[PDB]
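> Chains as they are written, first to last, in the entry's author numbering: chain A, 7 to 136; chain B, 9 to 136.
Even for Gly, the Cβ is constructed at its ideal location relative to N, Cα and C.
(1) Please report the distance separating the alpha-carbon of residue 84(B) from that of residue 40(B).
(2) Is the Cβ-Cβ distance between residue 27(A) and residue 116(A) less than 7 Å?
(3) Residue 103(A) bridges to which residues according to DSSP?
(4) Please look up how many angstroms separate the CB atoms of residue 61(A) and residue 136(A), rounded, as I've assumed it's under 8 Å.
(5) Give the secondary structure of residue 118(B) by DSSP, where H, G and I count as helix, E and B as strand, and everything else as coil.
(6) Look up residue 49(B) in the DSSP assignment and say whether it is helix, strand or coil.
(7) Taking 7 Å as the threshold (C-beta atoms), are residue 48(B) and residue 123(B) in contact?
(8) Using a Cβ-Cβ cut-off of 7 Å (strictly less than) and excluding sequence neighbours within five positions of residue 51(A), which residues of its own chain qualify?
(9) DSSP three-state label for residue 79(B), please.
(10) Name the DSSP beta bridge partners of residue 30(B), please?
(11) Pull up the distance between the alpha-carbon of residue 80(A) and that of residue 32(A), whole angstroms please.
(12) Taking C-alpha atoms, which residue in 104(B), 30(B) and 9(B) lies nearest to residue 65(B)?
(13) Quick check: residue 82(B) and residue 130(B), are their CB atoms within less than 7 Å of each other?
(14) Could you compute how far the alpha carbon of residue 108(B) sits from the alpha carbon of residue 58(B)?
(15) Where residue 56(A) and residue 132(A) are concerned, what is the direct C-alpha to C-alpha distance, given to the nearest angstrom?
(16) Can the beta-carbon of residue 71(B) be found closer than 7 Å to that of residue 88(B)?
(17) Would you mind sorting residue 67(B) into buried or exposed? The rule is 16 or more other CB atoms within 10 Å of its CB.
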């Protein structure tokens, strides 16, 4: 490609829990500047993900694009981290949502159901150049 | 088991980065006098200028300036580590410049378990 997202990034699917960032970067006046690029970051259950760590993960997800030099200004207040998996026991698909807060929430261990759950972050973020 | 959460009230027991920062504004007025923080680090890591910037920003979060961002780092900054060479029986000091390519954190195990990598700098910061 002309900008192949993935310097070295794993060629095969992740072997453990990961955070998937899919943000759309916008300016203040509501103009879309950057379309969502797929980016993965491994995470560990037991970790606490706060709003500040989320802000830094999205700034790092931009470094994978042409907007590598932008900083996060403001994260959509309604963003949440969602995870979807199939529960072995009940036999249904289930989805958990965690809100992005200052105190934060702890990464759950869903390994009993899936070894590599995908924690999804899909929002808009106002970004500005450094 | 990796290298510790919230960090010790005692001296670290692994390599660590000591951050000594003076925050000024775009006019060199001083906002924050020398402020010290410790971060555990792992030998084998490549420390780039950009990583250092993030560490100093994180160092600011424990101050009145947590909402500020690092705009520029003093170009004369350097990381220095001082230890006692166990073979030479003398004090030894290594300097690593801060550059875009960075440098790889050495393992000084043979001489010291918990070396402290010193970073003393002045940085321009501005509200986000």
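Let me lay it out:
(1) 19 Å
(2) no
(3) 88(A)
(4) Actually they do not touch by this definition, with Cβ atoms about 14 Å apart.
(5) coil
(6) coil
(7) no
(8) 23, 113, 114 and 115
(9) strand
(10) 130(B)
(11) 10 Å
(12) 30(B)
(13) yes
(14) 7 Å
(15) 18 Å
(16) no
(17) buried
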